[PDB]
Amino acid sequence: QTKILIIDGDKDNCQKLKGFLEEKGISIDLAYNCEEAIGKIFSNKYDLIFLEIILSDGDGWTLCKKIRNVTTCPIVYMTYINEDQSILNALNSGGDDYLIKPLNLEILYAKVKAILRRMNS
């Protein structure tokens, strides 16, 4: 069973995001900040990780680099920040894709499927 981790301080997003992917057969873990995230990372293996840029205890660029010290699992940023410099940074820190909020759950799940497809097939 696919397992995805969502790292966001916005619990409303975490909740909608969880419920929706949970409906697609995916088991979902949450994390409201870096610290909480590293724990989940040390404790589980994920197929995909959604990561916000701004967190109450650090940023997504740094956390990305840190996650890569443990896993090369696909990482997808979620954020209202839509600027070229932020994206080039997210992608170079070990990131794969970068989605803009408010998230379009449909295109999201298409990406999710495209990524696992590649990952498995």
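The first residue of the shown sequence is 1; numbering continues from there.
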{"property": "Greater mean Cα temperature factor according to the PDB record, 42-50 or 72-80", "result": "42-50"}
{"property": "Higher-scoring stretch by recorded Cα B factor average, 63-71 or 30-38", "result": "30-38"}
{"property": "Ranked against its chain, the third holding the CA B-factor of residue 17", "result": "highest"}
{"property": "Within-chain third of residue 119 by Cα B-factor, per the entry", "result": "highest"}
{"property": "Modelled-residue ranking by C-alpha temperature factor, third containing residue 91", "result": "highest"}
{"property": "Cα B factor band for residue 101 (lowest, middle or highest third within the chain)", "result": "middle"}
